[PDB]
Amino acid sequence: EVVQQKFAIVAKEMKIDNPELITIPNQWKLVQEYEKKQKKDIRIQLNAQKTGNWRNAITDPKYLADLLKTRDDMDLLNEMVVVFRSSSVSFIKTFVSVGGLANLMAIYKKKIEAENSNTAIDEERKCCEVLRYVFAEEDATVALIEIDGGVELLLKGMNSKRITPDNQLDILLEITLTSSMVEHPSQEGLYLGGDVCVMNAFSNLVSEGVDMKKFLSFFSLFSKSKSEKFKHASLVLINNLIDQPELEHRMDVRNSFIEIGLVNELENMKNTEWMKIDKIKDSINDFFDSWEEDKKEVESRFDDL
């Protein structure tokens, strides 16, 4: 009762970067409450098996995962918003570890494709809202890479006319995270190829005939969007896709983007208030700086032939 490291558990469990802002006496109170709740949750589950308030039974992450194989309704979706937004790190880790995401993704497909109605826009949007909470957990992005048509589904979902600019952002942020996750973030030498995962999903939109050219619908979202979080995030994705180890592969990916109006798009932003933001100025510079080095290199190889 002076230690007081017994809190660093609650800290990382609740995603708190700076516990130095909590008075020692308070984070003892919080520890007792953490322990108290772990015990509370236990009692509700063993009890709601008969009550039977499923609302309390789904405070078991495993139970929640299994239920989605059978239930896909507003009530459940609303409750999941509460649960995923406000639960602990480890509750999502468990959910995901037991399927969970693939189950929620399936429901999301159903929602995305459902025939128009009033309840349709909302049902789809809750999905985005719920996914936006699962994806705050790294294990979830790892799981996504291994779901056939997961990233593709996000790409399609992102092009829905039924969602909001904010929905579209959350999905993009999840795609971008995926694109950069070549290696498992918390395991030394384990390849995951999310970069290849996303690349393939963009190739699949072309070959399923949804994009007339590679990258088209993403790029066209990027182009008219007015979020500034979205312009930035879009730039980060583009640069990641172009950032390949082999010149052949950069020259190729970037050509696809040149082919659909990228260059003229950025050059217009340079004559625009957009450069006032340092996150975006640097991404645009990076693109050009990398394009130019590649020209020199190409010129340099031709010179030796």
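Start at 1 and count along the sequence shown; that's the residue number.
- Stretches 266-274 and 61-69 differ in mean CA B factor, with 266-274 having the higher one.
- Between 181-189 and 88-96, it is 181-189 that carries the larger average Cα temperature factor according to the deposited entry.
- The PDB entry gives the largest Cα B-factor of the residues 48, 236, 247, 260 to 48.
- Compared with the other modelled residues of the chain, the Cα B-factor recorded for residue 41 ranks in the highest third.
- Annotation for residue 226: C-alpha temperature factor in the highest third relative to the rest of the modelled chain, per the entry.
- Annotation for residue 146: C-alpha temperature factor in the middle third relative to the rest of the modelled chain, per the entry.
- In the PDB entry, residue 160 places in the middle third of its chain by CA B-factor.
- When all modelled residues of the chain are sorted by CA temperature factor, residue 217 is found within the lowest third.
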